[PDB]
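Chemist: So that we are looking at the same thing, I have put the structure below in structure tokens.
The numbers here are math on the coordinates, done by the rules we state, and not lab data. Here the Cβ is made from the backbone with ideal geometry for all residues, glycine too, and neighbour counts use every protein chain on show.
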Amino acid sequence: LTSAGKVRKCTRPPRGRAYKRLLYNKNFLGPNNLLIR
Amino acid sequence: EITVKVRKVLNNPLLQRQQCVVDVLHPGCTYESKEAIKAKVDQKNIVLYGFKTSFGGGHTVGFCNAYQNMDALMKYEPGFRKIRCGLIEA
Amino acid sequence: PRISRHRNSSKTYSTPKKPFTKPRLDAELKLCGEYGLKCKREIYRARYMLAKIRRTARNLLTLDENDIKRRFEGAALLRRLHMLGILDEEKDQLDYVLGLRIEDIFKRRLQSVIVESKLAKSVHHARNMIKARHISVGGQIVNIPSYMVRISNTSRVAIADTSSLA
Amino acid sequence: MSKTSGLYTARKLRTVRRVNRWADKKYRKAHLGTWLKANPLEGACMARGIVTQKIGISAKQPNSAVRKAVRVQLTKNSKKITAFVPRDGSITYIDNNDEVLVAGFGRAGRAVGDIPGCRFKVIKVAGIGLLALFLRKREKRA
RNA sequence: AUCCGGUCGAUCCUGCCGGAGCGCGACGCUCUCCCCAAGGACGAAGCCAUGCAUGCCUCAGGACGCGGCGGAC
RNA sequence: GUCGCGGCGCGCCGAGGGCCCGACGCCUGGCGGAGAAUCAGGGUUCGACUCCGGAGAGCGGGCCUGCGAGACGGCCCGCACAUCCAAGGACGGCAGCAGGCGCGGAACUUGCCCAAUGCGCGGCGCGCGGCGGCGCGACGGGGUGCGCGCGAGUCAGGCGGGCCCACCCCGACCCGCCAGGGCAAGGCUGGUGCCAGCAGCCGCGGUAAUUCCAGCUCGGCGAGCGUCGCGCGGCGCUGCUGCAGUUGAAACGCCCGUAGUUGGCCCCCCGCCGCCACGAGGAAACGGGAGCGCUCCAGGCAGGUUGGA
Ligand SMILES: [K+]
Ligand SMILES: [K+]
Ligand SMILES: [K+]
Ligand SMILES: [K+]
Ligand SMILES: [K+]
Ligand SMILES: [K+]
Ligand SMILES: [K+]
Ligand SMILES: [K+]
Ligand SMILES: [K+]
Ligand SMILES: [K+]
Ligand SMILES: [K+]
Ligand SMILES: [K+]
Ligand SMILES: [K+]
Ligand SMILES: [K+]
Ligand SMILES: [K+]
Ligand SMILES: [K+]
Ligand SMILES: [K+]
Ligand SMILES: [K+]
Ligand SMILES: [K+]
Ligand SMILES: [K+]
Ligand SMILES: [K+]
Ligand SMILES: [K+]
Ligand SMILES: [K+]
Ligand SMILES: [K+]
Ligand SMILES: [K+]
Ligand SMILES: [K+]
Ligand SMILES: [K+]
Ligand SMILES: [K+]
Ligand SMILES: [K+]
Ligand SMILES: [K+]
Ligand SMILES: [K+]
Ligand SMILES: [K+]
Ligand SMILES: [K+]
Ligand SMILES: [K+]
Ligand SMILES: [K+]
Ligand SMILES: [K+]
Ligand SMILES: [K+]
Ligand SMILES: [K+]
Ligand SMILES: [K+]
Ligand SMILES: [K+]
Ligand SMILES: [K+]
Ligand SMILES: [K+]
Ligand SMILES: [K+]
Ligand SMILES: [K+]
Ligand SMILES: [K+]
Ligand SMILES: [K+]
Ligand SMILES: [K+]
Ligand SMILES: [K+]
Ligand SMILES: [K+]
Ligand SMILES: [K+]
Ligand SMILES: [K+]
Ligand SMILES: [K+]
Ligand SMILES: [K+]
Ligand SMILES: [K+]
Ligand SMILES: [K+]
Ligand SMILES: [K+]
Ligand SMILES: [K+]
Ligand SMILES: [K+]
Ligand SMILES: [K+]
Ligand SMILES: [K+]
Ligand SMILES: [K+]
Ligand SMILES: [K+]
Ligand SMILES: [K+]
Ligand SMILES: [K+]
Ligand SMILES: [K+]
Ligand SMILES: [K+]
Ligand SMILES: [K+]
Ligand SMILES: [K+]
Ligand SMILES: [K+]
Ligand SMILES: [K+]
Ligand SMILES: [K+]
Ligand SMILES: [K+]
Ligand SMILES: [K+]
Ligand SMILES: [K+]
Ligand SMILES: [K+]
Ligand SMILES: [K+]
Ligand SMILES: [K+]
Ligand SMILES: [K+]
Ligand SMILES: [K+]
Ligand SMILES: [Mg+2]
Ligand SMILES: [Mg+2]
Ligand SMILES: [Mg+2]
Ligand SMILES: [Mg+2]
Ligand SMILES: [Mg+2]
Ligand SMILES: [Mg+2]
Ligand SMILES: [Mg+2]
Ligand SMILES: [Mg+2]
Ligand SMILES: [Mg+2]
């Protein structure tokens, strides 16, 4: 055990009903597609 | 306030009193106290209790014990209501 | 014991069995769009409140048209379903209860009623106006968006006399 | 009919079911009582103990790695277990006398994945949750 | 009154392993407002400092005491 | 002898009594029911704790007083443990309410009050019980905006309350937690190079990684999300409804045969079973269910001649 952590050591939107409204209008082709963003 | 009505009046000549339910109506404003509307419901023989205000306001319901004598009130009234009216204070 | 040990309580919604099904996942958000729904629980509640009135009818329909249980409970069920406006007068058959959908339940919410009479421009503006104690039912100020309005009490939905919009 | 019928055979139908119920491995494991005796945790969700050593364990055939684990002595029955430490760099919070809260891997007492002979895992070290120690929300004294 | 991933070069099966739901506790992280509400039971019926959990009414100013009912609920 | 019947005890006489329709013995991390968790129908599992019944008060025994106790906030003795002491003696029982130690993964204040519901004596008593405190075990409602007005807080007066507070009324100021190859909704840059690590199961990583560690973006549930263990479901993989037995696991080498299970057809209009239906009688709470706007709701039994069917 001398290697543990090797890679580790070497490396407001709207809320509630308004967030669901945002998703409703945003959706109504993939959500995280490359072409859109 | 301006509107005071009473129902469910029961005469009780065993406890020397009369029991009532009182409805108080004050649309828009408060009714300021029980000591205020005590005039509409002598005065010193009236025992007012159990008043609740509904949601939004405008309505209040309470209960009245109206005695006829004065010994009767010091005899048949709970010992903490006589202190809420200042009548004894011990 | 204490007296509070004798008080009842109950859960009022049922979660679905497969969470990650796409067609009902977007059908479930069209519903959150047409009505100002906070979260999925308010859909679940609705379905739960349907699943009971559907269980009653199917129990009575298995019975016979002249039994007293049908004559008593089906009449009670129909008389309750007509006052809330979940079911309408022209359908006074117990078999007309089975073809009911959730949308019929959602249409009698206060948030929906005030939109229909155009007191509010949309359903989101309606929810905001509900929270602001700006609307009264029969002279009684009601604060609850989810309030269920009976057909008797739908003539009498207004802005509250005590208000900053009066 | 390969099963007895007849209006007065309830006793036989019950005896057959009582006898053949024990043939299922799930029922026998959960109802016999030998697994409860042999269980290091004694039928509990979790258990605390002290660390006696730090170790590295080879993986199984198609994988190649050195997994990090600790030998633990149980407080309540003095048994010997080995428990796995997940979450990169977490083996560095485990001194040789560190009270550890230990739970299971899932699978109700079966080894998972590629770690031979490991059925338990550390969830808390010296009073502090190990996951929050990795996520950098709390820290150990010194 | 519903299934899905894993045995092969590919295929149809038997068969288990794994996943997906509800409940009860324990652990972690996190938390604005209001109503209801469980809370040392879980092979320790192990051990207990301190205070409180049972009193109320025939014969003389009163206590005190005697007598009485209760302390088995 | 007992309140009383009885092998309950004693003397005498006889040899009975129970059993594969499972006796006897052993084991139980065994209190029983009303009930609870799960969910097509049939079922499986659990019955610590609210009501009803039983048993106990460190462990054995014994007893007095009383209508009623084999009483432990009564007494006596043995044992195992503690207490004060001038050393002669005296003395204890929280599985009551708080509180502490120990143990465990795991569980709150050494508060105020007899105002209510009831009980003893009649006026009091009561850690029954009531009211506050701690309380993300769990339940229910509403927010973090809408196209321009609110709530959370602040300060006053009411109402309420044994006294204070919370709720309600009037007045003036003002997310998070898990993920992103498949099961299963959701994809570009840097680092690392079978190492570190991930991964319930398939699998990923060998110096171009859709999976490790990070950044951006996106997905799900949401004041709540993830992990561990267990019950039920999934499961027609326990099968009565309803499995399988040529070759996948599975028909005794064969014949006889008791208990057990099963047994053709026929008389109708009696008796005795079973069976079907309807009654009587006994507990409520829970579970269903008629009626009622605690602002809705989880609730409750309310209420405006009434009602709790
Ligand atoms: K068969
Ligand atoms: K069969
Ligand atoms: K058979
Ligand atoms: K038969
Ligand atoms: K069988
Ligand atoms: K099923
Ligand atoms: K396969
Ligand atoms: K093959
Ligand atoms: K297969
Ligand atoms: K305990
Ligand atoms: K106990
Ligand atoms: K246990
Ligand atoms: K437990
Ligand atoms: K204990
Ligand atoms: K007595
Ligand atoms: K006594
Ligand atoms: K005898
Ligand atoms: K004898
Ligand atoms: K003999
Ligand atoms: K037996
Ligand atoms: K036990
Ligand atoms: K069933
Ligand atoms: K069954
Ligand atoms: K059933
Ligand atoms: K089933
Ligand atoms: K309890
Ligand atoms: K008990
Ligand atoms: K009990
Ligand atoms: K009880
Ligand atoms: K009882
Ligand atoms: K009892
Ligand atoms: K008892
Ligand atoms: K007892
Ligand atoms: K005992
Ligand atoms: K004792
Ligand atoms: K004892
Ligand atoms: K004893
Ligand atoms: K004893
Ligand atoms: K007795
Ligand atoms: K005795
Ligand atoms: K005794
Ligand atoms: K004590
Ligand atoms: K106990
Ligand atoms: K207390
Ligand atoms: K401890
Ligand atoms: K501890
Ligand atoms: K009292
Ligand atoms: K008495
Ligand atoms: K108390
Ligand atoms: K405001
Ligand atoms: K305010
Ligand atoms: K402001
Ligand atoms: K404001
Ligand atoms: K304002
Ligand atoms: K990760
Ligand atoms: K698993
Ligand atoms: K799987
Ligand atoms: K797989
Ligand atoms: K690279
Ligand atoms: K099954
Ligand atoms: K089943
Ligand atoms: K089934
Ligand atoms: K078969
Ligand atoms: K074999
Ligand atoms: K074989
Ligand atoms: K074979
Ligand atoms: K055979
Ligand atoms: K055989
Ligand atoms: K034979
Ligand atoms: K034969
Ligand atoms: K034969
Ligand atoms: K035979
Ligand atoms: K026979
Ligand atoms: K048989
Ligand atoms: K037979
Ligand atoms: K036969
Ligand atoms: K019958
Ligand atoms: K009763
Ligand atoms: K009447
Ligand atoms: Mg003999
Ligand atoms: Mg029981
Ligand atoms: Mg019980
Ligand atoms: Mg208890
Ligand atoms: Mg006692
Ligand atoms: Mg005793
Ligand atoms: Mg512990
Ligand atoms: Mg609310
Ligand atoms: Mg089954």
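Chemist: Mind putting a number on the dipole of chain D about its Cα centre? Charges go on the C-beta only, +1 for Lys and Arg and -1 for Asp and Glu, and I need it in Debye to the nearest 20. Show your work: numbers first, answer last.
Modeler: Working: 32 positive and 8 negative charges, 179 e Å.
The calculated dipole for chain D is roughly 860 debye.
Chemist: Something else about it: Per DSSP H run of at least 4 residues, take -39500 (n - 2.57); add these up for the protein assembly as shown, divide by its residues and hand me the 222 nm value, nearest 500 deg cm²/dmol.
Modeler: -7500 deg cm²/dmol
Chemist: Return the subset of A:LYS26/D:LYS137; C:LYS11/D:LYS76; D:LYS54/D:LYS137; A:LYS26/C:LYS22; B:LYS52/C:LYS38; A:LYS20/D:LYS137 for which the Cα-Cα distance in this structure is over 27 Å, preserving the input order.
Modeler: On the way: A:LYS26/D:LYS137 35 Å; C:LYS11/D:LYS76 39 Å; D:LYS54/D:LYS137 25 Å; A:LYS26/C:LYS22 17 Å; B:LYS52/C:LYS38 33 Å; A:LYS20/D:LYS137 31 Å.
Pairs exceeding 27 Å: A:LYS26/D:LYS137; C:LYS11/D:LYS76; B:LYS52/C:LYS38; A:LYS20/D:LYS137.
Chemist: Turning to a different aspect of this structure: Taking 7 Å along the Cα-to-C-beta vector as the label spot, tell me the B:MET74-C:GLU28 distance in nanometres, rounded to one decimal.
Modeler: About 7.3 nm, to one decimal.
Chemist: Further question: Going by how many other beta carbons lie within 10 Å of each one, how would you line up C:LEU50, C:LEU81, fewest first? Intermediate values should be presented prior to the final figure.
Modeler: Values: C:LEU50 16, C:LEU81 20.
Ascending number of Cβ neighbours within 10 Å: C:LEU50, C:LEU81.
Chemist: Taking 35 Å as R0, compute the FRET efficiency from the Cβ-Cβ separation of C:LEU63 and C:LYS38 and round it to 0.05.
Modeler: On the way: r = 40 Å, r/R0 = 1.14.
Result of the calculation: an efficiency of 0.30.
Chemist: Could you give the radius of gyration (one decimal) and Dmax (whole number) of the Cα atoms in the protein assembly as shown, in Å?
Modeler: Reported Rg and Dmax, both Å: 35.3, 101.
Chemist: Same structure, new question: Regarding the stretch C:19-166, what's the average projected area of the Cα-atom convex hull, expressed in nm²? Don't jump to the answer; show the numbers that get you there.
Modeler: On the way: hull surface 41.9 nm².
Quarter of the Cα hull surface area: 10.5 nm².
Chemist: Still on this structure, I have one more. Sort B:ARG84, C:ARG70, C:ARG127 so the one with the fewest other Cβ atoms within 10 Å of its own Cβ comes first.
Modeler: Details: B:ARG84 12, C:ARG70 17, C:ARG127 22.
Ranking B:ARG84, C:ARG70, C:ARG127 by Cβ neighbours within 10 Å, fewest first, gives B:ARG84, C:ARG70, C:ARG127.
Chemist: Going by amide H atoms built from the backbone, whose H comes under 5 Å of the H on B:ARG17, apart from near neighbours?
Modeler: Placed amide hydrogens put B:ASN12 under 5 Å from B:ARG17.
Chemist: If you don't mind, there's one more thing I want to ask. I'd like the Kirkwood hydrodynamic radius of chain D, using the inverse of the mean 1/r over distinct C-alpha pairs, in Å.
Modeler: Working: mean 1/r = 0.0555 Å⁻¹.
Here the Kirkwood hydrodynamic radius works out to 18.0 Å.
Chemist: Using a 10 angstrom cutoff on alpha carbons, build the Gaussian network for chain D and name the most mobile of D:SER78, D:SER90, D:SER64.
Modeler: Ranking D:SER78, D:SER90, D:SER64 by mean-square fluctuation puts D:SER64 first.
Chemist: Label points 7 Å out from Cα along the Cβ direction at C:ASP92 and B:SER33: separation in nm?
Modeler: 5.8
Chemist: Can I ask one more? Any idea how far apart D:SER64 and C:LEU165 come out in nm if each label point goes 7 Å out from Cα toward Cβ?
Modeler: About 7.2 nm, to one decimal.
Chemist: At 37 °C and 0.692 mPa s, grab the translational diffusion coefficient of chain B from Stokes-Einstein with a Kirkwood Rh over Cα pairs, rounded to a whole number in µm² per second.
Modeler: Values: Rh = 14.0 Å.
Rounded to a whole number, D works out at 235 µm²/s.
Chemist: Quick check: the distance between the Cα centres of the stretch B:4-48 and the stretch C:1-55, to the nearest angstrom?
Modeler: A separation of 46 Å, based on Cα centres.
Chemist: May I pose another question? For chain D, what proportion of DSSP beta bridges, expressed in % and rounded to the nearest 5, is antiparallel? Could the numbers behind the result be given before it?
Modeler: Working: 26 of 28 bridges.
Expressed as a percentage, antiparallel bridges in chain D total about 95.
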